[PDB]
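> Just dropping in an experimental structure and the matching sequence.
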Amino acid sequence: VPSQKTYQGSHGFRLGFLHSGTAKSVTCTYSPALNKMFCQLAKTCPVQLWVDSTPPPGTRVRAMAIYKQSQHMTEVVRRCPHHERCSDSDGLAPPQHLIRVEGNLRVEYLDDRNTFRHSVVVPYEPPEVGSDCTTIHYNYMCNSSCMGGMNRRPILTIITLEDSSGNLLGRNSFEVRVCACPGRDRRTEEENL
Ligand SMILES: [Zn+2]
């Protein structure tokens with residue numbers, strides 16, 4: 001199955017997130033204790049790419065989802081039959097892909113010919129002048145509860161840094177939950193310590 005081991009690499013690639021608290025109006029919140037993001041369906045999910053040194057030109061940023069429970073690791077994560085037959089395509093994203101990228105016309109989606117894994121990839125751009133990180137706005141187009149796709153199984157998002165030719169430059173990952181009230185659910189799952 002696809003690797004998830006953290007790999008910071010020669011460019012010291014770390015992921016970062018906004019520190020949004022757990023108020024009820026929050027659309028997306030990340031738990032450092034759980035290394036877990038909670039987000040709402042289809043809402044903007046900013047993910048920060050932090051690098052100790054800028055990767056070469058033509059570098060690409062790939063996102064992929066896998067099931068976290070070993071007994072579901074080989075099953076391909078994808079939207080439920082209800083949501084892929086939905087009318088929410090942006091004209092770029094395949095109707096079956098869980099993860100989309102927003103606000104970037106150079107986005108590319110892949111169905112692996114041999115693994116069938118889904119992924120979405122964008123060009124890597126360096127941080128905005130006067131900033132320390134590059135931000136990508138991901139969207140999760142299917143709830144963790146969709147009794148038809150994820151069916152309440154936790155998933156991992158694997159963020160991979162690769163050169164123009166697809167060689168791995170770096171890898172990080174975070175657990176994700178797509179729920180109606182991210183703030184409530186984060187506070188509750190941390191109530192479990
Ligand atoms: Zn769904």
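Structure received. Numbers count the residues shown, from 1 in each chain.
> Compute the distance between residue 173 and residue 165, please.
In this view, residue 173 and residue 165 are 23 Å apart by C-beta to C-beta, to the nearest Å. For the C-beta atoms, the positions are set from N, CA and C on the backbone; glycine is no exception.
> So which of the two has more stuff around it?
More neighbours surround residue 173 than the other of residue 173 and residue 165, with 22 against 7 (other C-beta atoms under 10 Å).
> Quick check, that one in contact with residue 160.
No. Using C-beta atoms under 8 Å, residue 173 is not in contact with residue 160; the gap is 9.1 Å.
> joint contacts of the two?
Common contact partners of residue 173 and residue 160 (C-beta atoms under 8 Å, 6 or more residues apart in numbering): none.
> List the buried residues for the helix of greatest length in the chain?
Longest helix in the chain, counting residues (DSSP state H): helix 182-191. Judged by neighbour count using 16 or more other C-beta atoms under 10 Å, the buried positions of helix 182-191 are 182-183, 185-187.
> and if you look at stretch 27-37?
Quick answer for stretch 27-37 (16+ other C-beta under 10 Å): 28-31, 34, 36-37.
> which of those sit farthest apart?
Maximum pairwise distance among those (C-beta to C-beta): 14.5 Å, between 28 and 34.
> quick revisit: quick one: the buried residues of stretch 27-37 as JSON lines, columns for secondary structure too.
Shown next, in JSON lines, are the buried residues of stretch 27-37 (DSSP: H, G, I helix; E, B strand; the rest coil):
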{"residue": "28", "secondary structure": "strand"}
{"residue": "29", "secondary structure": "strand"}
{"residue": "30", "secondary structure": "strand"}
{"residue": "31", "secondary structure": "strand"}
{"residue": "34", "secondary structure": "coil"}
{"residue": "36", "secondary structure": "strand"}
{"residue": "37", "secondary structure": "strand"}
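> Good, we can wrap up now.
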